[PDB]
Every structure is written in structure tokens, then in C-alpha cells.
Amino acid sequence: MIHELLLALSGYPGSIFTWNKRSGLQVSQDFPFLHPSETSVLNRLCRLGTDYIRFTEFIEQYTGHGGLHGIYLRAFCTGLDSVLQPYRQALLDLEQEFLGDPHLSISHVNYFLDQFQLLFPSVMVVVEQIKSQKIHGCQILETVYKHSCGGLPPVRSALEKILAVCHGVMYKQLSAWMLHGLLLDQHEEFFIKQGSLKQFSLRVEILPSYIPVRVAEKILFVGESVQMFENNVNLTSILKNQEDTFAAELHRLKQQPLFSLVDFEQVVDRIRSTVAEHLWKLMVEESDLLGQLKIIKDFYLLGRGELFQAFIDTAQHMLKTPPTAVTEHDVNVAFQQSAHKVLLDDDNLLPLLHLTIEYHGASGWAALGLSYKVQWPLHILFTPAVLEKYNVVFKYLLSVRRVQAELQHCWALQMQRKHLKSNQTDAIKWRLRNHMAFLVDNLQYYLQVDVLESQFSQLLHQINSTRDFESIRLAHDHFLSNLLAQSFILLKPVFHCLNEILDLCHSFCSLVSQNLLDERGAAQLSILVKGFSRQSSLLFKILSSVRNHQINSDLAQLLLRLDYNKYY
């Protein structure tokens with residue numbers, strides 16, 4: 001009987017301990033020479049060997065080799081296999097004992113194997129959850145971990161050992177990602193996923209729950225930062241052979257028998273800092289971030305005022321109409337001729353700037369944008385969405401500049417001999433023109449000084465008084481976001497008041513040109529002058545807001561009136 005029992009416990013059903021697929025190992029309940037309590041022991045040993053067989057089957061199926069698969073499974077199986085080994089040893093020990101003592105009793109076998117009878121079925125619950133729910137990849141880690149929390153020193157301990165082996169796969173994936181920007185994750189088991197350039201994100205539904213999202217964000221950041229080294233005419237590691245110091249901290253951790261979150265986070269924090277510091281360096285000290293911001297400000301934020309004025313004047317005739325196939329080309333020449341006209345030297349910046357025209361997919365001005373060809377490594381700051389935003393600011397700025405130019409041109413045209421009347425309308429034109437130019441020069445002064453310069457200023461300060469890249473992204477996002485809010489809240493109503501002044505200007509021009517102290521003439525004349533005066537006063541009121549960086553009632557009601565006109 002002991003022979004058939006030792007065999008069964010080793011994985012070999014026969015004709016006495018038989019195998020039911022449904023229920024596993026069974027024995028007859030009717031041996032006439034067994035006491036009921038011995039049959040009972042045999043029944044309990046049957047469970048013990050039924051688990052052993054079911055483990056072994058599981059292990060064989062997912063090592064060596066849509067249901068279970070992946071490397072986290074394999075490592076789970078490997079850890080299980082290791083956790084079963086003392087049991088195997090016990091069988092080998094029992095087998096020697098039986099050889100030296102053919103009176104080995106059922107009772108003795110049962111007592112010797114007691115520890116395994118306690119251990120096995122906890123561990124089998126883990127196998128079973130895995131099996132029924134198809135637990136995959138890093139989710140296996142969460143399962144083993146939670147049940148590792150289900151106490152009883154030897155089951156907790158078995159499960160810890162399994163976790164550690166499983167964590168071995170994580171540390172491997174981690175250190176490939178964090179230290180070499182690679183994602184070796186054929187089966188989609190890891191909590192960083194992919195999804196030319198390559199995008200990355202968190203797969204949070206697979207993130208082990210004892211690892212906070214906050215910690216995973218950092219791992220995400222480190223690995224992106226690294227993989228973003230795809231420099232073809234040079235070759236610059238953002239680590240150093242600080243690489244090895246880090247390879248070793250991960251290998252160390254991989255060796256811990258117990259998972260420590262504080263410890264793991266310290267290592268993650270330390271790699272992140274370092275990548276952040278080297279990133280700031282790369283940008284500010286070796287790729288002239290400060291210098292490209294300036295270029296961006298010169299172009300997107302019209303900092304080169306004289307070039308855009310020349311540009312608007314030369315391109316007006318080609319942009320006031322709906323674009324055509326040649327517009328973009330014509331407009332870029334006009335833009336290059338304007339830089340020449342204005343003695344713009346730096347022979348090497350205009351190549352890197354191009355004006356775009358939306359053609360196919362109402363006026364050329366509406367279709368116009370600006371595109372900047374960022375270079376490695378700066379595109380990690382100047383992402384395409386960032387440049388999209390600049391570009392929207394650009395169009396609000398350019399619009400205000402253009403309605404100013406047209407206003408200036410409207411007065412100029414009227415000051416020409418053919419429009420002069422040699423009486424009092426002349427001196428009125430003259431006063432209005434000079435007032436409008438005073439107005440506009442002050443709009444531009446405060447728009448530029450209290451808005452652009454001063455925001456740009458803070459940006460540079462923030463950038464200079466930190467050594468962390470993420471502090472730069474942060475300050476930059478605040479800067480760009482404020483520019484957009486000012487475009488919608490200041491530029492737009494400024495543009496609308498100036499454009500109103502412009503209609504009044506054309507109206508004035510057209511009234512004078514009718515060659516009427518006629519009754520209706522002096523009437524019209526006065527309506528027009530109150531127009532200019534009211535628009536002028538409003539712009540001045542708008543300018544305090546510009547100064548306070550708070551919206552005042554005048555600005556608020558004007559924004560309200562403008563939404564009311566659009567909708568009602």
C-alpha cells in the first residue's frame with residue numbers, strides 16, 4: 001500500500017490510487033483491513049498528491065513550450081517549481097526510508113508530509129485565480145502579492161519567493177526601459193506601452209496596485225528621455241557610465257527577497273533626478289534652448305517688428321485673396337525679400353522657418369501659419385502640439401499688426417494731394433491720424449512690455465534658476481498657456497476696436513471725398529468723430545486691464561457684446 005501511495009504522491013496514479021480527471025486522486029473507501037481513520041488519512045494524502053500533479057501539469061504547460069502565455073507566467077511557473085522542491089526532497093527521503101524499513105506506515109507518511117499539506121492548497125488558490133481569470137503579465141505580480149499578504153509564515157514565505165522571481169522579470173524590463181530606452185515586451189505584459197518618432201504611455205490596467213501611478217509616471221519619463229536619443233551626423237547616453245551605478249542598483253533590488261516600495265522609489269527618484277539634470281544641461285548648455293526661445297519669440301511672437309511690417313506691406317496683395325497653388329511659394333519669397341529689405345543678417349535662421357498656407361485642406365491671411373523646424377534634441381520641448389499653440393498666438397498677434405498697418409495706410413492715402421480739400425477736413429484728418437498713431441504706439445508698447453516681454457522674462461528666469469528639465473516644461477507650459485489666454489481675452493478685443501476704427505477711417509475718407517458747410521455733411525462728420533473717440537476711449541480702458549492682468553468691467557462688457565453679436 002505504501003508503495004502505491006508513494007508513487008501517487010509522486011505523480012503516478014495506478015490501480016489503487018486512481019486518477020479521476022474531475023476529482024483527481026482517489027482510493028477505495030472499502031479496504032476491509034483499514035480503520036476508518038486510516039482511510040481518512042489516505043483521502044487527505046490523495047488531495048496532497050492531486051495538487052502536486054496539478055501544479056506539475058501547470059508548470060509543464062507554460063515553461064519549455066487566447067489563453068495564458070508570457071514571460072511573467074513562465075517566471076511564475078519557475079518560482080512554483082522551486083517552491084515545490086522541498087516536497088520532492090521529502091518524497092526522495094520517504095523512498096529511502098521505505099527501502100530501509102519496509103514497515104513504513106501510512107501514519108508516518110502522513111506526519112512527515114504535514115507541512116506540505118498546509119502549504120499546497122493556499123498556493124493552489126493563486127494558480128486557480130490565474131487560471132480562471134487569465135491573469136496576464138504584471139497582473140500576475142499583483143495576484144501573487146495580494147495572496148502573499150494572506151498570512152501563515154510558510155505560505156506567505158512561499159509566495160514571497162515566487163514574487164521575487166516574478167519581480168526579476170519586472171526589473172529586467174525596467175532596466176532595459178529606464179537605461180536603454182527599450183521596451184522588450186512582445187506579449188504586452190509591462191505597464192509602459194508603445195502607442196518614425198514613437199509615443200509612450202502608461203498601461204495602467206496592468207500596473208501592479210502596490211506601485212503608485214506617481215511612481216510609474218517617473219519610470220515613464222526616464223525611459224522616454226532615453227529612447228529619445230535618435231540624434232545621423234554626430235552621436236551624443238544621458239546617463240554617463242553612471243549607467244553602471246544604475247544597472248547595479250536595479251540588480252541589487254532584484255536580489256532583495258522582499259519587495260520594498262520605499263527602497264524601490266528611492267532608486268526610481270534617483271534615476272529620474274539624474275536624467276532631469278542631464279536633460280536641463282543638454283538643453284540649456286549644449287543646444288541653446290535660451291537662444292531658440294528667442295528665435296521663437298522673434299517670429300511667433302513678432303519680436304522682429306520691422307520684418308513683419310515690411311512683410312505685411314509686401315504680401316498684402318497676395319494674401320487678401322483666397323489662396324491658390326502658388327501662394328505659399330510667393331509668400332515665402334516675400335518673406336525673404338522682407339528680411340533682406342530689413343537687413344536681417346543671420347544667413348542661417350530663415351532656412352529653419354517657413355510660412356504655411358492652408359490650400360484645399362477664404363483669404364490667404366486666414367490660411368497663413370508659421371512653421372519652425374525644431375532640431376534634436378529640442379523637439380522634446382517643442383512638440384508639435386506646442387508649435388500648434390505658438391502658431392495660434394502668432395495669428396492673433398499678426399492680425400492686430402495687420403489691422404494697425406491698414407489703419408496707418410488709410411490715413412496716409414487721405415493725406416495725399418488728390419484727397420486733400422485744402423479746408424478744415426484736412427486738419428481734422430491730420431489730428432485723427434496723429435491721435436490714432438499715438439493710440440497704436442501705446443497699445444503696442446503695453447502689449448509688448450506688460451504681456452510679451454514680461455512673460456518671456458519670467459520664463460527665462462524660471463529656466464535659469466532651476467536645474468531640472470521638468471521645471472522648464474512646466475514654466476514653458478504656463479507661459480504658452482498665458483499667451484493663449486491673452487490672445488483670446490486682449491488681442492481679440494483690441495483687434496476688434498482697431499478694426500472698428502478702420503471702418504470709421506474708410507467712412508471718413510468716403511464722406512470727405514463727396515465734395516459737399518452742407519447740413520448732412522457736418523452731421524455725418526460729427527457721428528464719425530464720436531465713433532473715433534469712443535473706440536479710442538475703449539482701447540484706453542482695455543489698456544488698464546492689460547496692465548493689471550485682471551479683466552475690468554469695460555473689457556468684460558466688451559467681450560460680452562462681442563459674443564452677443566456672434567450668436568444673436
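Numbers and lists here come from the model and the stated rules, or from a named source; these are not laboratory values. Using ideal geometry, Cβ is built from the backbone for each residue, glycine included, and neighbour counts are taken over all protein chains shown.
Laid out as a table, the results:
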quantity	calculated
Flag if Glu205 is charged (D, E, K, R), in contact with a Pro (Cβ under 7 Å, 6 or more places away or on another chain), under 30 Å from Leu68 (Cβ atoms) and not in a loop (DSSP other than H, G, I, E, B)	no
Any hit, region 437-447, residues being under 49 Å from the mean Cα position of the chain (by Cα), within 30 Å of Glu277 (Cα to Cα) and of a type in the set (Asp, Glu)	no
Hey, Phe508 part of a helix (DSSP H, G or I), of a type in the set (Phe, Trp, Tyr) and within 24 Å of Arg547 (Cβ to Cβ) or not	no
Helices (runs of 4 or more DSSP H) wholly inside region 280-364 containing at least 3 residues that are among the polar types (S, T, N, Q)	305-319, 327-341
Cβ-Cβ under 8 Å pairs, at least 6 apart or on other chains, region 493-515 side farther than 16 Å from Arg433 by Cβ, far side surrounded by 16 or more Cβ atoms within 10 Å (Cβ to Cβ) and among the aromatic types (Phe, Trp, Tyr)	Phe495/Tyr396
Residue among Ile2, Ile71, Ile53 that alone is β-branched (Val, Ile, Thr) and closer than 27 Å to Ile206 by Cβ	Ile71
Residue satisfying condition, being of a type in the set (S, T, N, Q) and within 20 Å of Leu104 (Cα to Cα), within set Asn20, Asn43	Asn43
Some residue of region 535-545 being outside any helix (DSSP H, G or I) and in contact with a helix residue (DSSP H, G or I) (Cβ under 6 Å, 6 or more places away or on another chain)	no
Any hit, region 366-378, residues being in the same structural domain as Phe488 (by CATH), farther than 30 Å from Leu282 by Cα and surrounded by fewer than 17 Cβ atoms within 10 Å (Cβ to Cβ)	yes
Condition met for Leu34 (in the same structural domain as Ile130 (by CATH), out of contact with any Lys or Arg (no Cβ under 7 Å at 6 or more places or on another chain) and not in a loop (DSSP other than H, G, I, E, B))	no
Near pairs, Cβ below 6 angstrom, 6+ apart or cross-chain, from region 216-230 (among the charged types (D, E, K, R)) to any residue that is not in a helix (DSSP H, G or I)	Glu224/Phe200
Region 414-449: number of residues that are among the aliphatic types (A, V, I, L, M), farther than 24 Å from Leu516 by Cβ and surrounded by fewer than 12 Cβ atoms within 10 Å (Cβ to Cβ)	0
All positions within region 91-110 that are in a helix (DSSP H, G or I) and of a type in the set (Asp, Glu)	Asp93, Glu95, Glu97
Leading residue by the ranking (surrounded by the fewest Cβ atoms within 10 Å (Cβ to Cβ)) among those in region 30-53 that are farther than 17 Å from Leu84 by Cα and either aromatic (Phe, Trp, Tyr) or in contact with a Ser or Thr (Cβ under 6 Å, 6 or more places away or on another chain) (or both)	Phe33
Answer residue from region 511-530, given it is in a helix (DSSP H, G or I), over 59 Å from the mean Cα position of the chain (by Cα) and not basic (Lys, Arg) and is nearest to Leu413 (Cα to Cα) among those	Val512
Search result, residues across region 54-84 that are outside any helix (DSSP H, G or I), buried (at least 19 other Cβ atoms within 10 Å of the Cβ) and over 38 Å from the mean Cα position of the chain (by Cα)	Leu84
Options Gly168, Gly151: the member that is touching a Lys or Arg at 6+ places or on another chain (Cβ under 8 Å), closer than 21 Å to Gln256 by Cβ and of a type in the set (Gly, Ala, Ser)	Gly168
Output for region 317-346, where each listed residue is under 21 Å from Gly305 (Cβ atoms) and of a type in the set (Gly, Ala, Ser)	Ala334, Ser338, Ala339
Criterion (closer than 23 Å to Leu302 by Cβ and among the small types (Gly, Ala, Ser)) met by exactly one of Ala556, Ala485, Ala523	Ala485
Test set (1) part of a helix (DSSP H, G or I); (2) touching a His at 6+ places or on another chain (Cβ under 7 Å); (3) under 30 Å from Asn241 (Cα atoms) - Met178 fails condition number	(2)
Odd one out for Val125, checked against (1) surrounded by fewer than 16 Cβ atoms within 10 Å (Cβ to Cβ); (2) touching a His at 6+ places or on another chain (Cβ under 8 Å); (3) more than 30 Å from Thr39 (Cβ to Cβ); (4) not aromatic (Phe, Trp, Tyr)	(3)
Residue in region 383-399 that is exposed (fewer than 15 other Cβ atoms within 10 Å of the Cβ), in a loop (DSSP other than H, G, I, E, B) and in the same structural domain as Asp298 (by CATH) present	yes
Per-region count, region 188-239, residues surrounded by 12 or more Cβ atoms within 10 Å (Cβ to Cβ), under 15 Å from the mean Cα position of the chain (by Cα) and on the phi > 0 side of the Ramachandran plot	1
Candidates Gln448, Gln404, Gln455, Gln408 - the one that is in a helix (DSSP H, G or I) and under 30 Å from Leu282 (Cα atoms)	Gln455
Members of region 510-533 found to be surrounded by 13 or more Cβ atoms within 10 Å (Cβ to Cβ) and of a type outside the set (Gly, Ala, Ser), listed by number	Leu511, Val512, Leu516, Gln524, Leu525, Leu528, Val529, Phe532
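Listed here are the residues, each with its yes/no results for (1) acidic (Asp, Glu); (2) in the same structural domain as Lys373 (by CATH); (3) in contact with a helix residue (DSSP H, G or I) (Cβ under 7 Å, 6 or more places away or on another chain); (4) not in a loop (DSSP other than H, G, I, E, B).
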site	(1), (2), (3), (4)
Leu182	no, no, yes, no
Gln186	no, no, no, no
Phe190	no, no, yes, no
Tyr210	no, no, yes, no
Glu265	yes, no, yes, yes
